[PDB]
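For the protein sequence lines, the chains are H and F, in the order given.
All the letters of the first sequence, read from the start, carry residue numbers 20 to 131, 141 to 152 under the entry's author numbering.
All the letters of the second sequence, read from the start, carry residue numbers 23 to 133, 143 to 152 under the entry's author numbering.
Note that CB positions come from ideal geometry on N, CA and C, so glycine has one too.
Report on one structure; see the data block that follows.
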Amino acid sequence: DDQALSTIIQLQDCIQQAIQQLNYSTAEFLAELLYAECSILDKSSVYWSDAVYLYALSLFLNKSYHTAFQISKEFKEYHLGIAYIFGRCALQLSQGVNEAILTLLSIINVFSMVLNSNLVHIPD
Amino acid sequence: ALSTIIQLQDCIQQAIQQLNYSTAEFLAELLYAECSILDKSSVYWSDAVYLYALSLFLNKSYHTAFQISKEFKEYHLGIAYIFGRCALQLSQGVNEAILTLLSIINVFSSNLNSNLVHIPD
């Protein structure tokens, strides 16, 4: 448990580093591994939501829109970036747009769960 | 009038960082047009060329960014990186990219510091 948190933080730093450069397959593998590792952690933990968002973002970047859309749809309410990825996937595919409106309207109206984070590509 | 171009280049950094594409297209076009006239060898010129090449490459426009990076690949490492990735994508002009990156690696080997976004280490 003492080193368990350190590994997750190191994976997060590595995934942001990989996404910063135009290296996407490595980002894919790191996001898959982190998402698999965070499975034991409870859903209430911020780490699970962060890993799910990172995995969904990596899936979106690698043109595999269907998998990203499904992954974001599983936990669209938990995080803001997951809602962003779900909305972008809906725009790219025109599937399930109504869920995107009912989620995005609530998230924007409340702003003006987890809403703010330091990760990459967090929407404003 | 450098404060305006610095501000717009920072806006491009923020826009591309927000995963917003075709927003950086027009602003990269504007910086390229503005900085083409002031100089052809200043640091801002190379920076503008690199940002323009990245914006064209990330918005599914390879057959233009290819030549855009090809003309000024020897000036900035990021331009050479964009040129090489576009060469891989379009399967054209591999030898010049090889020569440019081999020269870049040799400069590190022999006894460049721009911190712009998406610049590979």
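- Boundaries of the alpha helix (DSSP H) around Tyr66 of chain F: 65 to 80.
- Neighbourhood of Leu41 of chain F in chain H, by CB distance below 7 Å: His149, in chain order.
- The alpha-carbon of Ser58 of chain F is positioned some 16 Å away from that of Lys95 of chain F.
- Secondary structure note for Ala37 of chain F: its alpha helix (DSSP H) is the uninterrupted segment 25 to 39.
- It is roughly 11 Å from the alpha-carbon of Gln29 of chain F to the alpha-carbon of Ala23 of chain F.
- Going by DSSP, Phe94 of chain F is part of no alpha helix (DSSP H) at all; its letter is neither H nor E.
- Annotation for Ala102 of chain F: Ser91, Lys95, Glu96, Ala119, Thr122, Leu123, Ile126 place their beta carbon closer than 8 Å to its own, counting only its chain and skipping 5 residues before and after.
- Residue range 44 to 56 is occupied by the alpha helix (DSSP H) that includes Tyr54 of chain H.
- For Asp152 of chain H, the chain F residues whose C-beta falls within less than 8 Å of its own C-beta are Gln40, listed in chain order.
- Each residue's CA atom was taken as its position, placing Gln89 of chain H and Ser131 of chain F some 46 Å apart.
- Out of F:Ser64, F:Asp69, F:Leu76, the CA that lies nearest to the CA of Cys108 of chain F is found in F:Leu76.
- When DSSP states are grouped into helix, strand and coil, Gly115 of chain H belongs to the coil group.
- In this structure, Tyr84 of chain H lies near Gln111 of chain H, with their beta-carbon atoms less than 8 Å apart.
- If you ignore the 5 residues before and after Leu78 of chain H, its C-beta comes within less than 7 Å of the C-beta of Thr86, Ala87, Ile90, all in its own chain and listed in chain order.
- Annotation for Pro151 of chain H: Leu99, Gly100, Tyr103 place their beta carbon closer than 8 Å to its own, counting only its chain and skipping 5 residues before and after.
- Closest option to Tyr66 of chain H, judged by alpha-carbon separation, among H:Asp32, H:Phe105, H:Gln114: H:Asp32.
- Within the same chain, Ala70, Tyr74 come within 6 Å of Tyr54 of chain H by CB-CB distance, once the 5 residues on both sides are set aside.
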